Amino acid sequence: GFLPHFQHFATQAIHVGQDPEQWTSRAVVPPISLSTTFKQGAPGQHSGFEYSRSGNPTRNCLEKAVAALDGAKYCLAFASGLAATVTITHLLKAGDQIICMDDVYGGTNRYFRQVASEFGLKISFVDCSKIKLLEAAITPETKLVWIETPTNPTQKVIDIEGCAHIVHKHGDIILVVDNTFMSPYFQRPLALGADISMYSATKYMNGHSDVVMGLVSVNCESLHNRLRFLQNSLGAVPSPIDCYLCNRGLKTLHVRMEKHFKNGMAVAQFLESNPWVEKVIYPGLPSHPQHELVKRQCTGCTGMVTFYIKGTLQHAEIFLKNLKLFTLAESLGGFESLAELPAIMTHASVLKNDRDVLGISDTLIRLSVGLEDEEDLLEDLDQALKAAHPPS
């Protein structure tokens, strides 16, 4: 009942940007070019690479590949997801307004609220999961709308096409979708009318818990030109070696994400039928309030499962303490299963009062279900919940 899978995604993940004819060696895998600079035939040269920060072989290959995966004309790679966000925010100018989804990655909240806001930029956090609130929030000064769907960590789901229609109805406003949770395998914001599909590649895109990186895919020519200028001019660029590592991780994205889905659904179903679990938030469950919308705008679901443990903070901590396969740690989207308590870990950067309004309570637990054997994951959760045994 989900959107059919995107045609040629695996083939393109494996081949786009990776053409052996690019290289004098005819290497089937692109070389890692670390060189900072490149020999020119003559000064002032509308041709070839000039300086690594501006462009380089290995990054350019990754970017072509990711663009294809997004269904985009262009992609730009960055030192981090947060650096991608900063770079996108520099598309604006003093006097402009930014609307940000109310529930986002704690670092996104922090950057807008505490940093961007000091540079002539007005920041409004709006629950864009209610389309009419986004509509009522847009002002003549609105230039950027920043959404996550599903949101990190409460996994509210936003109608991308509906928001796109609203945002584009009047004025000249950029709609960004931070697609970190879904990956382009399961969701294509550009197809749904977003102007930018952004990633923390640190999570699923790379998927190997060993690269910090951001990615920004785009179709519109002037917007690309503006972004490319800032990639070079702000210089928040990724190592070519990280570009290689990410591009390598991309070649298994399809097979990893299918297994994140299988395992994530299994975990989500298990927790929902568990008497020590108050509530489960998983887009793949009929219980999710936007489950049908998910099926309309996605081809599947990820390994991110949010739930509320019964009881108190104590029970949440005893549960986490008793995990023997899941690891207590920040981040998500890697091969290993992770568990965290956002209110005190990843979203400690979000003001407590906002946490409270958003439902990021002492008992909200976020899981990043990895690629381990399903039976081992379920047994780990089962024993850890029994160790906590909150009132049922």
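One-based numbering along the sequence shown. Only the largest set of C-alpha atoms that superpose within 1.5 Å between the two forms is called the rigid core.
Novice: Going by root mean square C-alpha distance after a core fit, say whether 199-207 or 170-178 is farther from the shown form in 4 other deposited structures of this protein.
Specialist: The more displaced stretch in 4 other deposited structures of this protein turns out to be 199-207.
Novice: Between 152-160 and 271-279, which one strays more from this form in 4 other deposited structures of this protein if you match the rigid core and compare Cα atoms?
Specialist: Most displaced of the pair in 4 other deposited structures of this protein: 271-279.
Novice: In at least a third of the other compared PDB entries, does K64 have no coordinates?
Specialist: Modelled in all the others, so no.
Novice: In at least a third of the other compared PDB entries, does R366 have no coordinates?
Specialist: no, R366 modelled in all other entries.
Novice: Return whichever of 36-44 and 54-62 has the greater mean Cα B factor according to the PDB record.
Specialist: Mean CA B-factor is higher for 36-44.
Novice: Could you settle it for me: does 288-296 or 184-192 have the higher average Cα B factor in the PDB entry?
Specialist: Comparing 288-296 with 184-192, the higher mean C-alpha B-factor belongs to 288-296.
Novice: Have a look at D242, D178, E258, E135 and flag the one whose Cα has the highest B-factor in the entry.
Specialist: The C-alpha B-factor peaks, among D242, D178, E258, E135, at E135.
Novice: Name the residue from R228, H208, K122, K251 with the greatest C-alpha temperature factor listed in the entry.
Specialist: Highest C-alpha B-factor among the listed options: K122.
Novice: Split the chain's modelled residues into thirds by Cα B-factor; is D373 in the lowest, middle or highest one?
Specialist: It belongs to the lowest third of the chain when residues are ordered by C-alpha B-factor.
Novice: Sorting the chain's modelled residues by C-alpha B-factor, tell me whether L328 ends up in the lowest, middle or highest third.
Specialist: Bottom third by C-alpha B-factor.
Novice: Taking the chain's C-alpha temperature factors as the reference, tell me which third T363 falls into: lowest, middle or highest.
Specialist: It belongs to the middle third of the chain when residues are ordered by C-alpha B-factor.
Novice: State the tercile, meaning the lowest, middle or highest third, of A72 with respect to the CA B-factors recorded for its chain.
Specialist: For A72, the deposited C-alpha B-factor lands in the middle third.
Novice: Is the Cα B-factor recorded for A27 in the lowest, middle or highest third of its chain?
Specialist: As the PDB entry reports it, the C-alpha B-factor of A27 lands in the lowest third of its chain.
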